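Asks: Please read through the structure below; I'll follow up with questions.
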Amino acid sequence: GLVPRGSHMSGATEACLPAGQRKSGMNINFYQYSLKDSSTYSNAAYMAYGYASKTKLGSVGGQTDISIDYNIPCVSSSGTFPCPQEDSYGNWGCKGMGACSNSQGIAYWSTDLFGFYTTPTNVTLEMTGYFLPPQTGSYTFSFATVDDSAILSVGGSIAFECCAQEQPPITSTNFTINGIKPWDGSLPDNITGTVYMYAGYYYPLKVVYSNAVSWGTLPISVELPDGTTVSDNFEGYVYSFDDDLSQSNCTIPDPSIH
Ligand SMILES: [Cl-]
Ligand code: NA
Ligand code: NA
């Protein structure tokens with residue numbers, strides 16, 4: 001037939017064609033989150049949008065390396081150095097450093113999260129931008145682990161609205177990856193999610209990440225239609241556009257027929 005039929009029951013992911021100046025990387029907004037609060041970040045509403053009701057701490061733009069790997073200090077006999085989580089032992093030391101004199105349970109200040117000075121022990125952040133698929137097909141995003149709670153959303157009206165990257169968060173809880181910390185322990189059941197994407201359309205992407213104490217971890221990857229994996233450094237795939245709420249044609253509700 002002359003035209004493609006379209007994804008069944010209007011099932012294609014919404015994408016966008018912003019007409020403004022494209023900028024490399026994602027924007028990161030930082031919000032207050034309380035030290036040792038193991039409940040707030042277990043709620044879907046909080047992780048989708050409620051985080052923005054807490055105080056905004058600041059922001060950084062243009063971020064292409066988006067994985068998180070925050071290691072608390074070990075105040076050791078040889079100086080103060082970050083301790084890989086898997087090297088921590090006892091009550092407590094860090095392998096190759098001896099015993100640590102400092103508490104694992106206090107807030108720590110660092111620029112490890114995107115160069116922004118804050119407390120990676122206890123914070124929530126929102127990454128926004130647009131993913132640009134180079135190839136049409138199935139993309140599988142993943143979190144290798146999650147310390148402590150995280151979601152990933154892809155698509156217009158799921159991550160955010162087209163041409164409206166900078167707006168307050170939308171209320172969708174239709175997460176592509178639900179890595180929300182379970183109520184009473186365990187890892188979330190599944191930390192991959194798949195999206196079918198058409199080459200050359202800009203797909204809204206939101207990651208919301210929260211930590212309550214100590215180590216923070218969110219190693220982000222995507223497997224491309226050709227079977228290759230991109231991990232941590234998403235340069236060439238992720239972009240930002242300043243809002244243009246007046247660009248009438250920006251939203252492509254069905255890229256499979258556009
Ligand atoms: Cl040691
Ligand atoms: Na780590
Ligand atoms: Na943690």
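All residue numbers here begin at 1 and follow the chain in the order shown.
This entry, so its header tells us, was determined using X-ray crystallography, 1.4 Å.
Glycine is no exception: its Cβ is also placed from the backbone N, Cα and C atoms.
For reference, Swiss-Prot lists these features for the protein:
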type	residues	note
DOMAIN	61-236	domain 'PA14'
CARBOHYD	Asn122	N-linked glycosylation site
CARBOHYD	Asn174	N-linked glycosylation site
CARBOHYD	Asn190	N-linked glycosylation site
CARBOHYD	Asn249	N-linked glycosylation site
REGION	184-227	region 'Sugar recognition'
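Copied straight from the PDB entry:
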type	residues	note
SEQADV	1-9	expression tag
Asks: Apart from its near flanks, which chain residues at least 6 from the ends of the expression tag (1-9) lie with a Cβ under 8 angstroms of it?
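Replies: The answer is 196, 254, 256-257.
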Asks: Between the Cα atoms of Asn249 (N-linked glycosylation site) and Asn190 (N-linked glycosylation site), find the distance and write it as a whole number of Å.
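Replies: Each residue's Cα considered, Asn249 (N-linked glycosylation site) and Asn190 (N-linked glycosylation site) end up 35 Å apart.
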Asks: Residues with Cβ closer than 8 Å to the Cβ of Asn174 (N-linked glycosylation site), same chain and 6+ apart in sequence?
Replies: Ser153, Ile158
Asks: Mind checking which residues reach the region 'Sugar recognition' (184-227)? Cβ under 8 Å, same chain, six or more beyond either end.
Replies: 7, 12-18, 26, 33-38, 40-41, 47-48, 51, 66-72, 85, 104-105, 113, 120-156, 158-162, 165, 169, 175-178, 234, 237-239, 241, 252, 255-256, 258
Asks: I'd like to know which of these glycosylation sites, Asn122, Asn190, is least surrounded, judged by other CB atoms within 10 A.
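Replies: Output over glycosylation sites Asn122, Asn190: least Cβ neighbours within 10 Å is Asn190.
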Asks: Under a three-state reduction of DSSP output, how is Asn174 (N-linked glycosylation site) classified: helix, strand, or coil?
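Replies: Reduced to three states, the DSSP call for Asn174 (N-linked glycosylation site) is coil.
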Asks: Roughly how many Å lie between the Cα atoms of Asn190 (N-linked glycosylation site) and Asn122 (N-linked glycosylation site), rounded to a whole value?
Replies: 24
